[PDB]
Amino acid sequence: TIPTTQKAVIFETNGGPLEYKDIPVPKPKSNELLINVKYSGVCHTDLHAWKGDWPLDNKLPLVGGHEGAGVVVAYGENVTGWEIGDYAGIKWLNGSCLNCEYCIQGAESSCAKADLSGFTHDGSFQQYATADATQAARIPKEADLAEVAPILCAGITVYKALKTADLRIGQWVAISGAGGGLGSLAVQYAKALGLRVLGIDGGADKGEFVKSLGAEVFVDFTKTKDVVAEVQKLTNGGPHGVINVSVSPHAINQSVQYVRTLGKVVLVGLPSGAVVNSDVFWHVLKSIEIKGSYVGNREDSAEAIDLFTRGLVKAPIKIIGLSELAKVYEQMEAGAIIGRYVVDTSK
């Protein structure tokens, strides 16, 4: 039973009004699922999609959203491997060509023809959204759709970042911003990979939280004068890897200094105007690697989701109504960091 009209939050111009209104229910193309999106996560990527900040061309008008968890209600005639009622996730990468220099290496998100949910393609901020059946995330029936929604972006992203760090079991990883939502996920995934976790954040409250997630050590930058030296001493020479969850330029540039000889510094996320600086003498002498980590591919997606469904990662959410989504945008625009919001599309 598929309606012809649905609620959605849509804008017709970049920076324009975020209108909660009725729009038609899309009909899936031959390769696409039609998903009844039950819940959708939100993050700053949606802010920048709406603002048009990025040098990537977005669609107009546009339904935003790239963290949708829902139920397959239909699919095109050429879709295979899917059954009506299956749980599906609509992610940042909606689709790619599957046969280019980047797709054949498992870097589908780098495809020149990538379709991006909530950027080039109407995303998860509606009740019914289309998504290519090959790229859509398989969600087990045992998974809470609301709880899994943020894993589709933050969870896969930090998991992929840790794989990019390419660390051995028992090695040290420093997580910058370890007490935030993204960083807290990163701590848990790092524990699942057998890593010793050093968390960096501000405040004893964040410190206690990070410790409760399995971090071996916490460095409070509101109390530690020389974070670089402290991180180097606590790991007996520096962490073998670092995940720069915090996009503060100060924290990133410190990560280049405290990483161990032969270590991996991983950059995550899409900040504006952030520049990492590295002294070439020390970069060479220590054979450091500064690696960008973008979005997980289908293999990464399945692994990260599986760790979540096994209960090894927890991402507490605050459920609000889709009709209220505009407020979140405003908040993201007006700074003021806030917890993890999940919109219910029936409200």
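Note that residue numbering follows the sequence shown and begins at 1.
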Worksheet entry | Average Cα temperature factor in the PDB entry - higher stretch of 45-53, 297-305 | 45-53
Fill in: Higher-scoring stretch by recorded Cα B factor average, 148-156 or 252-260
148-156
Worksheet, complete the sentence: One of 184, 99, 94, 80 has the largest Cα B-factor in the entry, namely 80
Worksheet, complete the sentence: Looking only at 292, 311, 65, 321, the Cα with the top B-factor belongs to 321
Item to complete: Among all modelled residues of this chain, ranked by Cα B factor, put residue 115 in the bottom, middle or top third, i.e. lowest, middle or highest.
Response: middle
Item to complete: Tell me, lowest, middle or highest third: where does the Cα B factor of residue 85 rank within its chain?
Response: highest
Discussion item. Can you tell me whether residue 208 has a C-alpha B-factor in the lowest, middle or highest third compared with the other modelled residues of the same chain?
Written reply: middle
Item to complete: Could you say whether, by C-alpha temperature factor, residue 278 belongs to the lowest, middle or highest third of its chain?
Response: lowest
Discussion item. Quick check on the deposited entry: does the C-alpha B-factor of residue 179 sit in the lowest, middle or highest third of its chain?
Written reply: middle
